[PDB]
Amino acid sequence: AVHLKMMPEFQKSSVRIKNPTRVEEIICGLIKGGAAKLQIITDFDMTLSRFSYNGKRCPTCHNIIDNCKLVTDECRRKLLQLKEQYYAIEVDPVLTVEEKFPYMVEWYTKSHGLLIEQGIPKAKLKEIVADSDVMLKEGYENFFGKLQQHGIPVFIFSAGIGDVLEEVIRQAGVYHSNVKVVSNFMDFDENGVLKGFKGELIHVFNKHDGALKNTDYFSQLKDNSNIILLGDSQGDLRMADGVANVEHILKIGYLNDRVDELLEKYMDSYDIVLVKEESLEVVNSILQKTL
């Protein structure tokens, strides 16, 4: 039987849970299925990576490029201005999520377009990532390590920049075979210089679309009917829409900011909400019982 009361990781004050009995029953199902039924579906930015260090916000994959030696101060000025106008739409309490779709498409297209003008070479990405301020959440080596040890599928589904994300995990030593990355990947010209992005855009609000356009992945994993989902946004709740069959799904949400405004809604939609939390110890504690 599962008792969150007896799990020290769940006693941390950042752990917020509306329905602990329900959560205990989901984790109970996860444990019963063991490795053979488990898969992970996860966002990256601010979910696997830290939201902040020392009251200095940490970079998203996109910020890593925004901030690198290859990008001019004037470019960052424009990027900032984009962010200020479009982020106000993102968080607008009056617009429906569907109304925000076109605005999100513009923001990501305009900001990608400014990066494309700056001339980013594939060969520089290693240096850029090494020099950046990126940080993975505390407990990431045990997270990725237990999962790879047991061959648990991990589907990292990111509205960031795929090439940057992959380079971060590769340098961390955690880009193992069990880890599949679906993101916005760079398109490179004859000289290995960024010229655009591949595929259809993934942004914060359309992850349902991408989840459905990955049937190949999920149909191979028909038996993995127990899911752990990790996200930092309401949008990440859709990352599991492509899953073949679902027996148990546990949804863990990082609430990194706009805490007072969003806490109720997060507690309502995620099973476990982690408030201003920079570790993976709750999820690692669940893996520990399960694997």
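The numbering used is simple: start at 1 and walk along the sequence shown.
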Of 47-55 and 248-256, the one with larger mean CA B-factor: 47-55
Using only the Cα atoms and their B-factors as the entry lists them, report which of 118-126 and 214-222 averages higher. 214-222
Pull the Cα B-factor of residue 60 out of the PDB entry and bin it into the chain's lowest, middle or highest third. highest
How does residue 78 rank on Cα B-factor within its chain, lowest, middle or highest third? highest
Would the CA B-factor of residue 287 place it in the lowest, middle or highest third of its chain? lowest
Based on the entry's values, in what third of the chain does the Cα temperature factor of residue 239 lie: lowest, middle or highest? middle
What third of its chain, lowest, middle or highest, does the C-alpha temperature factor of residue 23 fall into? middle
